[PDB]
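Step one of this worksheet: look at the structure below.
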Amino acid sequence: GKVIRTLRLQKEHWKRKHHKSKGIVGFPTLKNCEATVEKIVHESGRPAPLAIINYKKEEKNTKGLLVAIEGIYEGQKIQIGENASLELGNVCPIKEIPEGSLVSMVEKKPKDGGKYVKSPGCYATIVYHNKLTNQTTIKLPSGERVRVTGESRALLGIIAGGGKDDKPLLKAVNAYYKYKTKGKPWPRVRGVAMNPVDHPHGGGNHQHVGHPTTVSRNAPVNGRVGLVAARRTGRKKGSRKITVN
Amino acid sequence: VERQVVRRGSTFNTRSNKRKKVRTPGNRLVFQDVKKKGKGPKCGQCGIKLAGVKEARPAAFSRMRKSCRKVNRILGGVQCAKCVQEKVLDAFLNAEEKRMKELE
Amino acid sequence: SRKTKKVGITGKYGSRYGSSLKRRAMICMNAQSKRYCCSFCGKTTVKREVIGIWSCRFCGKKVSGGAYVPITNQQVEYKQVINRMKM
Amino acid sequence: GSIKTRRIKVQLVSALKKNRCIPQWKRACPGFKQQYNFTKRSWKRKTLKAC
Amino acid sequence: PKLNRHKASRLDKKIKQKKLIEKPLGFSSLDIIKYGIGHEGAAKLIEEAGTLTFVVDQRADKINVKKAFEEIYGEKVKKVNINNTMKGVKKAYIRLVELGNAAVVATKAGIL
RNA sequence: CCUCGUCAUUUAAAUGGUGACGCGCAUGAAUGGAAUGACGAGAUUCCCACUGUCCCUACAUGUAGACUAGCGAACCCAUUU
RNA sequence: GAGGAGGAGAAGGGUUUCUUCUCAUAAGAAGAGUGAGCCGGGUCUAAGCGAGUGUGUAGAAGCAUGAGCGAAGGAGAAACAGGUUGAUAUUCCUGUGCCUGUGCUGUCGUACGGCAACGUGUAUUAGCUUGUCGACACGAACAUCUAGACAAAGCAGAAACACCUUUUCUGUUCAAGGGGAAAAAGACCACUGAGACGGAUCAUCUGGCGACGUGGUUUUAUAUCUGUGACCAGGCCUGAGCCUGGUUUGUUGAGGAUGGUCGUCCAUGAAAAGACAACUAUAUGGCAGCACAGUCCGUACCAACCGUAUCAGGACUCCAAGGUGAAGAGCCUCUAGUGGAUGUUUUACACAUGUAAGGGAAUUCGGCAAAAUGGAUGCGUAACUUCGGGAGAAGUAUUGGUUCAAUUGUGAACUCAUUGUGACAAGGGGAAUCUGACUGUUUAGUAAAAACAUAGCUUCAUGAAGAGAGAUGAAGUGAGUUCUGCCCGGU
RNA sequence: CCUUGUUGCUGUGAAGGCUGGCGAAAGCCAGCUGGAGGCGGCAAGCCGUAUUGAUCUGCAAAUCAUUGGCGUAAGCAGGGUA
Ligand SMILES: [K+]
Ligand SMILES: [K+]
Ligand SMILES: [K+]
Ligand SMILES: [K+]
Ligand SMILES: [K+]
Ligand SMILES: [K+]
Ligand SMILES: [K+]
Ligand SMILES: [K+]
Ligand SMILES: [K+]
Ligand SMILES: [K+]
Ligand SMILES: [K+]
Ligand SMILES: [K+]
Ligand SMILES: [K+]
Ligand SMILES: [K+]
Ligand SMILES: [K+]
Ligand SMILES: [K+]
Ligand SMILES: [K+]
Ligand SMILES: [K+]
Ligand SMILES: [K+]
Ligand SMILES: [K+]
Ligand SMILES: [K+]
Ligand SMILES: [K+]
Ligand SMILES: [K+]
Ligand SMILES: [K+]
Ligand SMILES: [K+]
Ligand SMILES: [K+]
Ligand SMILES: [K+]
Ligand SMILES: [K+]
Ligand SMILES: [K+]
Ligand SMILES: [K+]
Ligand SMILES: [K+]
Ligand SMILES: [K+]
Ligand SMILES: [K+]
Ligand SMILES: [K+]
Ligand SMILES: [K+]
Ligand SMILES: [K+]
Ligand SMILES: [K+]
Ligand SMILES: [K+]
Ligand SMILES: [K+]
Ligand SMILES: [K+]
Ligand SMILES: [K+]
Ligand SMILES: [K+]
Ligand SMILES: [K+]
Ligand SMILES: [K+]
Ligand SMILES: [Mg+2]
Ligand SMILES: [Mg+2]
Ligand SMILES: [Mg+2]
Ligand SMILES: [Mg+2]
Ligand SMILES: [Mg+2]
Ligand SMILES: [Mg+2]
Ligand SMILES: [Mg+2]
Ligand SMILES: [Mg+2]
Ligand SMILES: [Mg+2]
Ligand SMILES: [Mg+2]
Ligand SMILES: [Mg+2]
Ligand SMILES: [Mg+2]
Ligand SMILES: [Mg+2]
Ligand SMILES: [Mg+2]
Ligand SMILES: [Mg+2]
Ligand SMILES: [Mg+2]
Ligand SMILES: [Mg+2]
Ligand SMILES: [Mg+2]
Ligand SMILES: [Mg+2]
Ligand SMILES: [Mg+2]
Ligand SMILES: [Mg+2]
Ligand SMILES: [Mg+2]
Ligand SMILES: [Mg+2]
Ligand SMILES: [Mg+2]
Ligand SMILES: [Mg+2]
Ligand SMILES: [Mg+2]
Ligand SMILES: [Mg+2]
Ligand SMILES: [Mg+2]
Ligand SMILES: [Mg+2]
Ligand SMILES: [Mg+2]
Ligand SMILES: [Mg+2]
Ligand SMILES: [Zn+2]
Ligand SMILES: [Zn+2]
């Protein structure tokens, strides 16, 4: 047969375009700074708003981008790095923040610029500090617990734009605007409605799959469709998670 | 009623192709071209349009007298009277706190 | 105002889309269109520019917020925790 | 149409000078055996491909 | 950089070298002018508007034509207009600083 | 499948339609099952209005067609029919 | 019949355009014709392409970086009237101008005013830095201006006259550049000190972070004047020149322009070249006259384009009068443009159409085709339903001309030989069942659907990112309501 | 994907607002204002249901007539680019 939809959309001419982008998002590199928030802006592909910051490096003014936490305003002064106060919207070394606190834009290793929590409405929880090893345990929004060194930086607050998934998209055109900038195929034609030249689920005198939909992790790429390496299937209840800090 | 032709350029009704109808001394009704409108300066702090300055397109603005492009104050065009009053006060009041923190 | 018994702001849609879905949309649609109170000047002149960004029509201040309301439930609580940390 | 490039114009100018019959004096010359100029064209029957 | 140059107005491109011997007089007044045109079309222009019409070499430009006329014929020039015709000929029209002199120059030169 | 299943209603008359019944050759639950609203150039049955669809055809108009001037082809063809 | 069979541009064509001659004619031959500092190209940058260099390959492809390139409809210094040819004209000629630079001669300059909002003064180069202009979605209502269209009066010329008529028609012009209001809509400054209350919009709204009031400051059109006279109409003569007019008011009004408001979005709606202000230094700088300069390429014509053609097909745009009517609908007219295979009254069978006694689907697989209904105003409106709808449900009545009242609600009278949305335009309606929720999409050329899509629902995999779990990908079912039992033996 | 062009006439009357009445309250009933919608009837346009009409040595190697579907928008279109 021919090449399936899933492979074609991974070729280079289909990658997302950057022409409307504001810049690369991430923290400054300097040990200490005082910054001012210049503007709060929407960026074409992203639902969380961005804040433009201004800080001096040598004598010269320089500009950066952060993801906005909820409760900043244009004109606010913010303090970055060691010796910053625990005030909403400051950036601090993680070892300085008390247990049970909520944080965003956490660095996985020092000076990486911030990864981890970046989507609207999300946060992470500080669950443990180890005074020997200088590690800290953070609980991520998937439920995963990960350990990071005390020298990493983090932003104090919750990411702006929460609640967005409460309102249903009642019409086809509303879905159109949401997926127009994403990589997923919309509208999505079902594999059982294709001919066998186009998809492993195609063909036959009734619309059916005909073979089990759970497939191996090591299966060849042009036929790896369906539920890939599923441990279980169906709507029944699972089992207890195992937890360590 | 007499009807018009496009004398020059394209028929395609873009922003650069505005026209108006005019009556000539020879008693003809003809199309004649129109230049675009101009926006003048807005304040750098608040977005308000500055008083005392003209609105024109960049080339035409540069050919006017300097008096059309400024007011005679600390920031010429640039900022409005309220924003300069705030700036003058702020710089004064900050220096006095530093004076006190130096003396005490 | 209020010429309808149940349907409220969703009357624009006629008999299309499901009943249950419309009454979820309604909560958000009523919240989006209201004016709210400014923290800086006290007036009730704050409205939404775009998702996450709220703005005052008198004094011009812009502030980060939720998608359909200026302050979300998580924020109203967490703001208090910070005030205690400062003690 | 009215807008042309320099390269297109020279092609038209050359295509217009070549489009002529055999001059009437040549037919009288002892050694000359042509009847009609087979390179003559009509705008109704052929394209130049000047584009 | 190499490009097909299909939209260009000048068909030459290359910069020219020096040579061990150089051609005697160069592009010069007597290469520039070919002949003046005298017919019922041209006659009106001499009689009404004080302008002569001439055929000129393909390599010529407005500045060169102005000089060449003042060298060969001697009257002073106000304006030069140029026209590439469908017959492959470049025509120049020259208006003189004083009218009336157009009929003097035309008759001496045997154009008219 | 047997099958134009049996009983009721619609017609003068029902291999049709609707309502009931059910050991259902071989119905059935996201290979999705069941009951409605609004909307289909979607499939099907009936009633009112309306009529050359029909009983059963008649007359009239325009344009071609027949005959005439100018212009002027093709398919096909073992051919004695 | 002004959403033209009218007048023009682009893409495409390439002399098809103008004059003369000849039939050879959608045919030839011989000549002639396209003039720019101000119109467009040559400039800037979009999405993107890429020489060389590095890495790779037997040579290539590919991948990293990147000089140069990339829009005749995006950004982009400066021109308009009137004349003239057989054929060109914001390009030629006359008149009045403007932009960017250069040089001569005169003539002045090295600062002030207002409590303030800000003003007076045509002002040099250069540089940091901070900001502005270039520089921007859709939809709705309301103002103001300009084209356009009407109606009265005046004059000049036309049409019509068996009768009647101050009936009817055509005209009444003012460019770029220069000078310039009142008005309307917003900002702001000084005094003043307001509420269970005042102000204000068609609508929202607005005030001690300063209301109403009284005086000012500033931004944004247009009318009007000048543009030194051109141009038009008419009369008298004429192989040419003279003479007379071009005057007043009201109503309406964009399918063009502009202004400040309001709404929508899990959608927030380009860059760069080139400019300008403030701050800091530095100063022979401003204005008037006169003079000089501004290269190169395109410029005719199309009813002539693509379909083997002089082909009922296809093909990007601009301007647009009067009546009827809600209406650039249909029907009728003004401006401007238009047409040929010949004669014969011409049977039958056709193809486009009209009408029909009595009966009314008996016709046929099947009411297929046709008929019937039709606009506006009022009365009156069921089951069911997600409470929005169903709904124009169904069912009924009215409608012309004239002469009055009354002022938007409409009433009343008189009149006609079949009656009045008179032509043109203009829904048939109800009761049920199967099926897909809805608008949307599809087999260019035998299938438009119950098929595909869709919102919603459920499952799966991952902490890797220029992306970071309200995330990113893979499958299945098909809106909403109500349910979704049992089986891990085989694969 | 980048830069552009193209909405005329009418019906229904959501959210928000103002008056008057009723109520001890909460909030109910009238009339007016406002103008939402992949909402209705049409125009320019885009399409292709029926007559199994005309044509089938065609006007045409897919056209024509009447009749239909949508037409304030998951609508239609030129150029540049992949
Ligand atoms: K997508
Ligand atoms: K299929
Ligand atoms: K299958
Ligand atoms: K299935
Ligand atoms: K099976
Ligand atoms: K000023
Ligand atoms: K061309
Ligand atoms: K041709
Ligand atoms: K039976
Ligand atoms: K029966
Ligand atoms: K079964
Ligand atoms: K089954
Ligand atoms: K099941
Ligand atoms: K249908
Ligand atoms: K007949
Ligand atoms: K005949
Ligand atoms: K007519
Ligand atoms: K633009
Ligand atoms: K001149
Ligand atoms: K009159
Ligand atoms: K228009
Ligand atoms: K021309
Ligand atoms: K009309
Ligand atoms: K009317
Ligand atoms: K019209
Ligand atoms: K009309
Ligand atoms: K029947
Ligand atoms: K039958
Ligand atoms: K049939
Ligand atoms: K109920
Ligand atoms: K019904
Ligand atoms: K009626
Ligand atoms: K009719
Ligand atoms: K459907
Ligand atoms: K529709
Ligand atoms: K269909
Ligand atoms: K499944
Ligand atoms: K789905
Ligand atoms: K269900
Ligand atoms: K099993
Ligand atoms: K198993
Ligand atoms: K409406
Ligand atoms: K047929
Ligand atoms: K014909
Ligand atoms: Mg296969
Ligand atoms: Mg199925
Ligand atoms: Mg030229
Ligand atoms: Mg039957
Ligand atoms: Mg049954
Ligand atoms: Mg089944
Ligand atoms: Mg018309
Ligand atoms: Mg027409
Ligand atoms: Mg000719
Ligand atoms: Mg120009
Ligand atoms: Mg370029
Ligand atoms: Mg342009
Ligand atoms: Mg011409
Ligand atoms: Mg001008
Ligand atoms: Mg021309
Ligand atoms: Mg009958
Ligand atoms: Mg009868
Ligand atoms: Mg029978
Ligand atoms: Mg029918
Ligand atoms: Mg049923
Ligand atoms: Mg549909
Ligand atoms: Mg087909
Ligand atoms: Mg079909
Ligand atoms: Mg389906
Ligand atoms: Mg469901
Ligand atoms: Mg339930
Ligand atoms: Mg509109
Ligand atoms: Mg609609
Ligand atoms: Mg039509
Ligand atoms: Mg189609
Ligand atoms: Mg059929
Ligand atoms: Zn300001
Ligand atoms: Zn405020």
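Keep in mind that the numbers below use all heavy atoms, side chains included, and drop hydrogens, waters and symmetry copies. Reminder, nothing fancy here: chain letters follow the sequence lines and each chain counts from 1.
Interface remark: the B:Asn27 side chain does not form any donor-acceptor pair with the G:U172 base, using a distance-only criterion of under 3.5 Å.
Within the 4.0 angstrom heavy-atom criterion, base atoms lie near A:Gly121. Using a 4.0 Å heavy-atom cutoff across all strands shown, A:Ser44 reaches sugar-phosphate atoms only and no base atom. A:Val146 comes within 4.0 angstrom of no nucleic acid atom, judged by non-hydrogen atoms across all strands. Base contact: C:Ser1 has a heavy atom under 4.0 Å from a base atom. Nucleic acid contact class of B:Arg28 (heavy atoms, under 4.0 Å, all strands): sugar-phosphate only. At a threshold of 4.0 angstrom between heavy atoms, the contacts of E:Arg95 are confined to the sugar-phosphate backbone, with no base atom among them. In this structure, C:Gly14 reaches the bases: a heavy-atom distance under 4.0 Å links it to at least one base atom across the strands shown.
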Dump every N/O contact between nucleotides 220-225 of chain G and the protein below 3.5 Å, one line per pair.
residue : atom : partner : partner atom : Å
G:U220  : OP1  : B:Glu55 : N            : 3.2
G:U220  : OP2  : B:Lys54 : NZ           : 3.3
G:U220  : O2'  : B:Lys37 : NZ           : 3.3

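For A:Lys118, the listed nucleotide lying nearest its side chain is G:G468; candidates were G:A475, G:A147, G:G468. The B:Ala81 side chain lies nearest to G:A117 when the options are G:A117, G:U264, G:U454. Among the nucleotides H:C2, G:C452, G:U295, the one closest to any side-chain atom of A:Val189 is G:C452. Here the nucleotide nearest the side chain of A:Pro141, chosen from G:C276, G:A10, G:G470, is G:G470. For E:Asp61, counting side-chain heavy atoms from C-beta on, the closest listed nucleotide (G:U477, G:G9, G:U295) is G:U295. Residue E:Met86 places its side chain closer to G:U15 than to any other of G:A321, G:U15, G:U268. Of the listed nucleotides (G:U15, H:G16, G:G263), G:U15 has the atom at the smallest distance from the side chain of D:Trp43. When distances run from any side-chain atom of B:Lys70 to the nucleotides G:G82, G:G121, G:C128, the shortest one goes to G:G121. Proximity note for B:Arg65 (side chain, C-beta onward) versus G:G298, G:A81, G:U122: the nearest is G:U122.
With respect to the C1'-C2'-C3'-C4' torsion, H:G35 shows a south sugar, the value lying on the negative side. Sugar pucker of G:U206 is north, as judged by a positive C1'-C2'-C3'-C4' dihedral. From the dihedral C1'-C2'-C3'-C4', which is positive here, one reads the pucker of G:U165 as north, toward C3'-endo. With respect to the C1'-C2'-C3'-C4' torsion, G:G210 shows a south sugar, the value lying on the negative side. Nucleotide G:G35 carries a south sugar; the sign of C1'-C2'-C3'-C4' is negative.
B:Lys82 and B:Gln45 form no side-chain donor-acceptor contact under 3.5 Å, judged by distance and modelled atom types alone. Side-chain contact, C:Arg23 with C:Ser19: a donor N or O sits under 3.5 Å from an acceptor N or O. Judged purely by distance below 3.5 Å, without hydrogens or angles, the side chains of A:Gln207 and A:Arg190 pair a donor atom with an acceptor atom. For A:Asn61 and A:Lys56, the side-chain atoms include at least one donor-acceptor pair closer than 3.5 Å.
In this strand, G:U122 does not stack onto G:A123; the six-membered rings are not both under 5.5 Å apart and under 30° in angle. Judged on ring centres (limit 5.5 Å) and ring planes (limit 30°), G:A257 and G:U258 form a stacked step.
Taking the six-membered ring where the residue is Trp, the centroids of A:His199 and A:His201 are separated by under 6.0 Å.
Computed from coordinates, the A:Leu7 CG to G:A474 P distance equals 10 Å when rounded to whole Å. Remark: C1' of G:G468 and CZ of A:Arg46 are 10 Å apart, rounded to the nearest angstrom. To the nearest angstrom, P of G:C80 lies 8 Å from CZ of B:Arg7. Rounded to whole angstrom, the span from the NZ atom of C:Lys6 across to the P atom of H:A15 amounts to 15 Å.
Sorted by residue number, the members of residues 168-177 of chain A with any non-hydrogen atom under 4.0 Å from RNA chain H read A:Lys171, A:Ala172, A:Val173.
Taking the P atoms as reference points, H:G17 lies 9 Å from G:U204, given to the whole Å. Rounded to a whole angstrom, the distance from the P atom of H:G21 to that of G:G255 is 45 Å.
Applying the side-chain contact (heavy atoms from CB on, under 4.5 Å) rule to B:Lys70 yields the partners B:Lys66, B:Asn72; only residues at least two apart in sequence or on another chain are considered.
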Exercise. Yes or no on side-chain contact (heavy atoms from CB on, under 4.5 Å) for C:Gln32 and C:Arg48, after CA distance, side-chain angles and deciding distance?
Worked result: CA-CA 7 Å; C:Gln32 277 173 254; C:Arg48 183 176 167 272; 3.7 Å; yes
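For the pair C:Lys5 and C:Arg16, nearest-nucleotide mapping onto RNA chain H gives the more 5' position to C:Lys5. Mapping B:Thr14 and C:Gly8 onto RNA chain H via the closest heavy atom, the residue that lands nearer the 5' end is B:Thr14.
For residues 6-27 of chain B, the pairs satisfying side-chain hydrogen bond (donor to acceptor under 3.5 Å, both in side chains) are B:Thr14-B:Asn17, B:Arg23-B:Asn27, with sequence neighbours left out.
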Exercise. In the 5'-to-3' direction, what one-character label does each nucleotide of nucleotides 480-491 of chain G receive under the scheme B = base within less than 4.0 Å of a protein heavy atom, S = sugar-phosphate only, - = no such atom?
Worked result: SS----------
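A salt bridge between C:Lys62 and C:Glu49 is present, with a side-chain N of the basic residue lying under 4.0 Å from a carboxylate O of the acidic one.
Using the Watson-Crick or G-U wobble rule with both distances under 3.5 Å, G:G256 pairs with G:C145.
Base-pairing analysis of RNA chain F finds the following stems of at least three consecutive Watson-Crick or G-U pairs, with both pairing distances under 3.5 Å: F:5-10 with F:16-21, F:32-34 with G:481-483, F:42-48 with G:428-434, F:57-62 with G:351-356.
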